[PDB]
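Engineer: no sequence for this one, just the structure:
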Ligand SMILES: COc1cc(OC)c(Cl)c(-n2c(-c3ccccc3)cc(=O)c(C)c2-c2ccc(F)cc2)c1
Ligand SMILES: Nc1nc2c(ncn2[C@@H]2O[C@H](COP(=O)(O)OP(=O)(O)OP(=O)(O)O)[C@@H](O)[C@H]2O)c(=O)[nH]1
Ligand SMILES: COc1cc2c(c(OC)c1OC)-c1ccc(OC)c(=O)cc1[C@@H](NC(C)=O)CC2
Ligand SMILES: Nc1nc2c(ncn2[C@@H]2O[C@H](COP(=O)(O)OP(=O)(O)O)[C@@H](O)[C@H]2O)c(=O)[nH]1
Ligand SMILES: [Ca+2]
Ligand SMILES: [Ca+2]
Ligand SMILES: [Ca+2]
Ligand SMILES: [Ca+2]
Ligand SMILES: [Mg+2]
Ligand SMILES: [Mg+2]
């Protein structure tokens, strides 16, 4: 059945999951109560949208999702919200006390109380799957739950599910968008703890989406809702191949094999085009070749960095909507002629492509205008190391003076785990330099 | 009673094979239900080669449909001729191959391979005199490439004395949609070099150029490209499916087309006055493989003309092409260009010609893949996906060595003299 189980951890992951499953329902015609009139396969079926939704005998399409947060405020809104009966009570897990921006509390202290319960609920969803393909894990780097509990969950999932695919969607912190002083520590600790358990991680620099929303959509002062709705477009493009039937779509295994050249180098740079308001979309259409070119403009990346100063190692271009192969092949042909777009010399063939003819969908309320052709590019570029460097520097400034470290030691951690995690990051930075060097 | 067992694996294999059964079903005048409604008895004289005769005079292809992804099965079953096929001959998995050759060849495909051979045994044992097998598949993916060559290796164990043909879509020089295709192609070629008697090299970039530059289709699709490939597949097998002045099978074709066992990779062509067909047919612009014939010499050539046409006119025109451009033919294989003619033309055409060339120029293709393979393998790029399924680097080095040895062989006979 090729099912995929989504796991949303912490405020960011939960709230990002709210925008994704809202979009999914709009793309599949699922009502807030879960009823799907267009589905005649009542109680089950082998349809492509069943990879993300399970069916009940009463015609209820239930997300294959688990929501976990160490405090109940955020998920409580889901329990009383407009999609309250879309999910099952067992799928919405909450504690009483949060991790307090502390990785250690999310991983060791408050996390342990709830981790065994979370695995059991994930287990319950797995047993309903005939051919579970992998896990999607949405979380922030900055929060204590998103960093500490996610790390705990990823380690436990590797034991209970072995090498089964685990993909992340990670929110890289930024001062613009409600960050905290200790978030660099949490980002480094969770990255190091998760490096060896994640097969492909999709970072989203919250500063980048803040800028895109503030520039492309003319939103003076973006909100989390504005950002999440934009993130959901990228998540939808990546999972469209799995939720819809099609002859030219990219499943997860196909997706990971063509984008990750080495196990540790698994942080693709996401872009989406077109991101445009209704006022600009009025009397204006963009073509396949136009949105393909926009994917290589650093101004549209989901993570702030300069691909022009780095090297590409693999590009995945997921087209959707009114897109024809002939235009796709011509647009990609142009990119290969551009000497401004340099591939490593060990990547002679570096484009994975796909098309999902289902048209892009807009939330009724979401600042994005409804377009007819959209493309999401995911490129493994060395430039992404710039994001690691920025975060590593902030880690060094605080850690040199051991600022805030006592909050982590008080919860049972040792300073050795800080330096070990930092050394792993140093190796990763050197790894990105090594893969970018020309061959002999 | 020289039956052929058809097998198609992967998306490409099934999409191309499905269109192939549409083409010859029209040529033999068989409708989707599998009942004959044609005009000439020559459509049936040799029908048992590709079809089984079922109760009620319904005709069922000796076709076996394989994939690790069930999606392409459903497309076939719902296509124009979807209900022709035997339901039990759909052998599919649920996992897919993920463009990973090792998954198709060692793990995911190994789980399903026995089920496919069981269907082969049914079909083969129901044959008066099994002649051989033909496979349609891509080399750049994981199922058709990885599991396809695994099926070939298993079939040769059960049927070591039978002929194995393949129609292999090869990686194109500039158009690609698979990052790891050099790894998948090189691993497959090393299998094909050993366990196939004949391999037709098909290049999608050339097919696309024909559809766009020649046929003037502004938006070519895989359907258009598959139609060209299916038209060539029908043209190649015309002598096996229809009677005429030539009474030959697959083994005779291999015996006369392959002067050296490893050099059995052919360059197909298709055309479109009799003089103008033979002019087209030898043109680089009409070659299905992405290699210039002028960059080599033909070891052997086979040309098949279809439709009511002056035989003497074809003989004179063919002989003119040989004598006119004799510098592109090996001098030590006397009379290495043979021609056959069939009275039955294809649909919507009065005259047609199919080309089969065993040209040394095909080494250019194996050069390309080798250089692409080495660039990735030197740095072990993407390799962890293959070692994670249990492969060792030495198996990659062996394939690199063999394809380079194959390239070395082709250059040998491209400069040989009498
Ligand atoms: C082989 O790698 C490809 C790369 C590529 O774009 C870089 C394209 Cl568009 C295609 N492609 C696709 C397609 C494939 C995967 C995802 C989406 C679309 C569908 C289709 O009907 C046709 C005719 C072609 C095609 C074939 C040979 C050519 F020379 C030019 C175009 C194939
Ligand atoms: N894009 C986006 N980012 C968010 C959202 N909510 C929080 N963040 C980011 O997450 C970081 C704060 O961590 P949270 O995820 O909210 O904390 P948590 O996971 O609930 O863990 P606790 O420390 O226990 O509260 C900030 O740096 C924000 O940039 C959201 O809704 N959308
Ligand atoms: C009790 O409610 C408060 C709680 C907090 C903060 C705060 O001041 C704005 C409060 O108002 C009184 C706060 C403290 C400053 C920090 O850096 C010095 C920080 O990153 C952390 C912040 C707060 N986080 C953010 C993104 O503002 C969380 C802690
Ligand atoms: N002619 C043709 N070639 C195809 C088609 N689908 C895929 N291919 C070729 O095969 C490669 C992808 O491999 P795929 O068919 O998915 O192999 P699989 O993994 O075994 O199913 C591409 O590089 C294409 O060149 C098709 O429908 N027609
Ligand atoms: Ca259904
Ligand atoms: Ca239902
Ligand atoms: Ca299995
Ligand atoms: Ca058996
Ligand atoms: Mg919280
Ligand atoms: Mg695919």
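Structural biologist: Yep, it's here. Numbering: from 1, shown residues only, chains lettered A, B, ... in the order given. Ligands and ions are numbered 1, 2, ... in the order given.
Engineer: for ligand 4, what are the nearby residues on the stretch 1-150 of chain B?
Structural biologist: Counting by CB under 6 Å from any ligand atom, the stretch 1-150 of chain B comes close to ligand 4 at B:10-12, B:15-16, B:97, B:99, B:138, B:140-144. Heads up, the C-betas are built off the backbone N, CA and C, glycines and all.
Engineer: For residue 315, give me its contacts.
Structural biologist: In the absence of a named chain, chain A is used. Counting by CB atoms under 8 Å, 6 or more residues apart in numbering or on different chains, residue A:315 makes contact with A:350-352, A:377-380.
Engineer: I was thinking of chain B, sorry if that wasn't clear
Structural biologist: residue B:339.
Engineer: Roughly how far does it sit from ligand 3?
Structural biologist: Separation of residue B:315 from ligand 3 (CB to the nearest ligand atom, to the nearest Å): 87 Å.
Engineer: quick one, phi psi at residue 68?
Structural biologist: No chain in the question, so chain A it is. Main-chain torsions, residue A:68, degrees, to the nearest 10: phi -130, psi 130.
Engineer: Quick check: chain neighbours aside, which residue is closest to it?
Structural biologist: Spatial nearest neighbour of residue A:68, chain neighbours left out: residue A:93 (4.5 Å); criterion: CB to CB, 6 or more residues apart in numbering or on different chains.
Engineer: surely the one you found meets residue A:115?
Structural biologist: No: judged on CB atoms under 8 Å, residue A:93 makes no contact with residue A:115 at a distance of 10.3 Å.
Engineer: more neighbours, these two?
Structural biologist: residue A:93 (20 against 17; other CB atoms under 10 Å in any protein chain shown).
Engineer: give the contact list for the more buried one.
Structural biologist: For residue A:93, the contacting residues are A:66-69, A:75, A:114, A:117-118, A:121, by CB under 8 Å, 6+ apart.
Engineer: what's the helix or strand for it?
Structural biologist: Under the criterion of DSSP states H and E, residue A:93 resides in strand A:92-94.
Engineer: Check which element follows that strand along the chain.
Structural biologist: Moving toward the C-terminus from strand A:92-94, the next helix or strand (DSSP H and E) is helix A:103-104.
Engineer: Would you format the residues of the stretch 1-150 of chain B next to ligand 4 as CSV with secondary structure included?
Structural biologist: Converted to CSV, those look like this (DSSP: H, G, I helix; E, B strand; the rest coil):
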residue, secondary structure
B:10, helix
B:11, helix
B:12, helix
B:15, helix
B:16, helix
B:97, coil
B:99, coil
B:138, strand
B:140, coil
B:141, coil
B:142, coil
B:143, helix
B:144, helix
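Engineer: Can you tell me, leaving aside adjacent residues, what's nearest to residue B:189?
Structural biologist: Counting by CB to CB, 6+ apart, residue B:403 is the residue found nearest to residue B:189 once chain neighbours are left out, at 5.4 Å.
Engineer: That neighbour against residue B:369, yeah?
Structural biologist: Yes: contact criterion CB under 8 Å: residue B:403 and residue B:369 qualify, at 6.7 Å.
Engineer: overlap in contacts of these two?
Structural biologist: Shared contacts of residue B:403 and residue B:369, counting by CB under 8 Å, 6+ apart, come down to B:186, B:189.
Engineer: Would you mind telling me which of those two has more residues around it?
Structural biologist: Set residue B:403 next to residue B:369 and count neighbours by other CB under 10 Å: residue B:369 wins out with 26 against 22.
Engineer: State the helix or strand in which the closest residue to that one other than its chain neighbours lies.
Structural biologist: Nearest non-adjacent residue to residue B:369, counting by CB to CB, 6+ apart: residue B:185, 5.1 Å away. Using DSSP H and E, residue B:185 sits in helix B:181-195.
Engineer: The closest residue in space to residue A:63 that isn't next to it in sequence - how many residues pack around it?
Structural biologist: Distance criterion CB to CB, 6+ apart; nearest residue to residue A:63, sequence neighbours excluded, is residue A:21 at 5.4 Å. Here the number of neighbours of residue A:21 (other CB under 10 Å) works out to 24.
Engineer: Could you look up the SS state of the most centrally placed residue in chain A?
Structural biologist: Residue closest to the mean C-alpha point of chain A, counted by CA atoms, centre = their mean, is residue A:169 at 2.3 Å. Classification of residue A:169 using three-state DSSP returns strand.
Engineer: how about it, what does it touch?
Structural biologist: Taking CB under 8 Å, 6+ apart, one finds A:13, A:16, A:136-139, A:201-202, A:204, A:231, A:235 in contact with residue A:169.
Engineer: Specify the residue ranges that define each domain of the chain.
Structural biologist: If you meant another chain, say so; for now it's chain A. When chain A is parsed with CATH domains of a matching chain, its domains come out as A:1-268, A:269-383, A:384-440.
Engineer: that's the other chain; I wanted chain B
Structural biologist: For chain B, CATH domains of a matching chain gives the domain ranges B:1-259, B:260-361, B:362-416.
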